[PDB]
C-alpha cells in the first residue's frame, strides 16, 4: 500500500571539508565560498558551506535510497534555512505526505545541530 505517513530511514552525513569541496566541484560550482574558508569568512560566513546543487542532489539520493532504482523523480523543491558548515552533521528525515495514483509526495528535512538546513518537497512515481 504506498502509505501517507510512511517514514524514510534516517540518513546522517558528516560535512567534512572533503565532502563540501568535492560535492561543490562535482556540481561544477567553483564559487569560492564552498572551498575557500578565507572567502567564506570575508562575507561573514563561519566557514565553507555546502552549495545548493549538492543539497538538491542529496535530497534526491535520500529519497531514492528509500524508493529504490525504479523510482522516477518528477520534481524537487527546496528551501534553505541555516548553513551547512564544515564539521556540521546533517540528519535527513522524511515522510510520505501524499499518494495519488502512482505519484507520491515526500517531505524531507535536513537538520544540523543549530537548526533546519534544508526543507524539501519531492514528487516521484514508484513502481
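Positions refer to the first chain, counted from 1.
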{"property": "Entry-level comparison of average CA B-factors, 53 to 61 and 96 to 104, reporting the higher stretch", "result": "96 to 104"}
{"property": "Given 85 to 93 and 27 to 35, the range whose Cα B-factors average higher in the PDB entry", "result": "85 to 93"}
{"property": "CA B-factor ranking of residue 112, expressed as a third of its chain", "result": "highest"}
{"property": "Residue 20 by Cα B-factor - lowest, middle or highest third of the modelled chain", "result": "lowest"}
